[PDB]
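One structure is given below, encoded as structure tokens.
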Amino acid sequence: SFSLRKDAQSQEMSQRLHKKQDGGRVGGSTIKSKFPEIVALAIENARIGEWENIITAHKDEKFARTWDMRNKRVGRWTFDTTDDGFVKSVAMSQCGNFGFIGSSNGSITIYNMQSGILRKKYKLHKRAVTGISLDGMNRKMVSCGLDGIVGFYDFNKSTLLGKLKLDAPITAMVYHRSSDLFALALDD
RNA sequence: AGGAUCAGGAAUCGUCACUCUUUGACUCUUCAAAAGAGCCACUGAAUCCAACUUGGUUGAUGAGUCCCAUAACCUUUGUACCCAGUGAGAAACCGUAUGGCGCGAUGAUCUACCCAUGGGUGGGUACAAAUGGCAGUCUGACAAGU
């Protein structure tokens with residue numbers, strides 16, 4: 001967590017798991033290794049420090065861990081794909097209540113940042129998802145996939161609104177919340 | 001002339017310890033919670049299960065010996081008492097001119113009921129005694145160290 005203000009407030013984040021809220025013990029080597037290297041990042045500071053607000057898509061893991069930005073430490077919930085694919089892109093809700101997780105098999109899970117519970121598991125893509133977003137009002141959510149599809153869904157509602165077919169498969173998705181556009185890189 | 005405000009009456013010490021009491025601080029701590037200058041990291045310690053080790057039913061641990069089972073409190077059977085004390089009252093002559101145990105204070109005299117001063121029953125008080133009551137002969141599987 002580098003600080004562009006002051007070079008000494010730059011601090012390395014913790015990787016120390018919270019003691020698991022279930023009680024049955026967690027899965028990992030006792031030689032505790034670091035988390036595998038990350039391919040995607042996601043953070044909204046709307047409700048910071050009341051729960052987790054950093055989602056990181058680690059290398060070749062079926063889930064993606066959550067972190068408190070304020071506590072400089074990986075938080076309590078890990079967020080799965082639930083279709084046995086890799087997490088290949090993540091983004092979070094601007095209300096700080098949802099993290100969106102896009103599989104390599106196309107399933108987009110909407111986990112909650114409250115209890116680590118899932119909300120909905122969308123299935124539109126049969127290729128990999130490669131970039132997700134939500135609009136700034138948390139009304140209409142987009143996703144770009146490795147199928148060449150950009151899917152328009154509502155978030156309050158549950159209907160697939162639109163389905164734009166682009167030419168090459170779509171590698172990434174950047175959204176502008178203030179102006180409701182969204183950009184994408186493709187293989188073209 | 002008697003009393004109370006601002007000569008009829010002991011109190012001039014360069015301290016050493018000791019003890020006691022007193023209150024205050026204090027690490028804490030119950031009433032009883034509640035609030036937490038918050039997060040990381042490093043490093044230390046401690047505890048608890050798993051683990052392993054050593055010892056252990058040839059007995060690990062747990063344990064009110066002494067407050068006396070060596071008893072207390074009774075209960076029944078053999079004795080000592082008293083409603084030790086009482087204290088002046090108990091029985092009628094004399095070996096060979098003469099001599100005495102012939103009582104007794106220095107002790108004579110006795111040891112709530114019925115029966116003509118013969119015997120005992122009843123209660124308190126004490127002890128000896130119980131193979132009598134009250135009053136029915138321990139646990140047994142982990143422990144301990146990292």
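Simple scheme: letters A, B, ... for chains in structure tokens order, numbers from 1 for residues in each chain, numbers from 1 for ligands in the order shown.
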At most 8 Å to chain B: residues in chain A, only C-alpha atoms (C1' of nucleotides), as a VMD selection string:
chain A and resid 13 to 14 70 to 73
Kindly save the residues from that selection, with N, CA, C and O atoms included, as a JSON list (two decimals), in the first residue's frame.
```json
[["chain", "number", "residue", "atom", "x", "y", "z"],
["A", 13, "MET", "N", 1.08, -4.89, 2.91],
["A", 13, "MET", "CA", -0.13, -5.42, 3.49],
["A", 13, "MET", "C", 0.13, -6.75, 4.18],
["A", 13, "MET", "O", 1.05, -7.48, 3.82],
["A", 14, "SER", "N", -0.67, -7.05, 5.19],
["A", 14, "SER", "CA", -0.56, -8.33, 5.88],
["A", 14, "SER", "C", -1.22, -9.43, 5.07],
["A", 14, "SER", "O", -2.21, -9.22, 4.38],
["A", 70, "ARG", "N", -8.34, -0.68, 5.29],
["A", 70, "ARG", "CA", -8.02, 0.05, 6.49],
["A", 70, "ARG", "C", -7.15, -0.78, 7.43],
["A", 70, "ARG", "O", -6.22, -0.25, 8.04],
["A", 71, "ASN", "N", -7.42, -2.07, 7.53],
["A", 71, "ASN", "CA", -6.64, -2.88, 8.45],
["A", 71, "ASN", "C", -5.35, -3.39, 7.85],
["A", 71, "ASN", "O", -4.58, -4.02, 8.59],
["A", 72, "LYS", "N", -5.11, -3.13, 6.57],
["A", 72, "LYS", "CA", -3.90, -3.54, 5.84],
["A", 72, "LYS", "C", -3.69, -5.06, 5.91],
["A", 72, "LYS", "O", -2.57, -5.55, 6.05],
["A", 73, "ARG", "N", -4.79, -5.79, 5.79],
["A", 73, "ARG", "CA", -4.79, -7.21, 6.11],
["A", 73, "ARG", "C", -5.93, -7.89, 5.38],
["A", 73, "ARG", "O", -7.01, -7.32, 5.23]]
```
In chain A, what's strand (DSSP E) per DSSP? Answer as a VMD selection string?
chain A and resid 38 to 43 54 to 58 63 to 68 73 to 80 87 to 92 98 to 103 107 to 112 118 to 123 129 to 134 140 to 145 149 to 154 160 to 165 174 to 176 181 to 183
I'd like the interatomic distance between atom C1' of residue 107 of chain B and atom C1' of residue 90 of chain B, to a tenth of an Å.
11.5 Å
From the options A:74, A:117, A:132, A:161, which residue's atoms come nearest to residue 97 of chain A, counting only C-alpha atoms?
A:117
